[PDB]
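A.B. asks: This is the structure I want to talk about, given as structure tokens.
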Amino acid sequence: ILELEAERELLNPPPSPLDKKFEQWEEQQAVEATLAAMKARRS
Amino acid sequence: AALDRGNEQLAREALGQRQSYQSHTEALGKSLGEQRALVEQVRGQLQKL
């Protein structure tokens, strides 16, 4: 099982941890800005 | 957009990341510049034959 799991990973490389950190930061920024607008719009 | 935070280190990381892609783009752009000039001559030879 592990051989196949790694072999299919070689053909299509997994994304770099830097990319994951960047997208996590983007999601956090988006949700924070959206909730800030959420709090400001009803006020 | 990432520079907005004010942490320039991640900006440096991204800028150093894109350089490999720029080099690859230039490498392919060099090869196309001659393949395009050669296929035309081959087509001309076929047309005359």
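Following the order of the structure tokens, first chain is A, next is B, and so on, with residues numbered from 1 inside each chain and ligands from 1 in the order they appear.
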Hey, which bits of chain B sit within 10 Å of chain A, and for each residue what's the closest pair of atoms and how far apart in Å (one decimal), counting only C-alpha atoms, rows by chain and increasing number, as a Markdown table?
C.D. replies:
| residue | atom | partner | partner_atom | distance |
| --- | --- | --- | --- | --- |
| B:1 | CA | A:26 | CA | 9.5 |
| B:2 | CA | A:26 | CA | 8.4 |
| B:5 | CA | A:29 | CA | 9.8 |
| B:10 | CA | A:22 | CA | 9.0 |
| B:13 | CA | A:18 | CA | 9.0 |
| B:14 | CA | A:18 | CA | 9.2 |
A.B. asks: DSSP on the backbone, then: every residue of chain B marked alpha helix (DSSP H), written as a PyMOL selection string.
C.D. replies: chain B and resi 8-48
A.B. asks: Between CA of residue 11 (chain B) and CA of residue 27 (chain A), measure the distance and give it in Å to one decimal.
C.D. replies: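 Spanning CA of residue 11 (chain B) to CA of residue 27 (chain A) is a straight-line distance of 17.7 Å.
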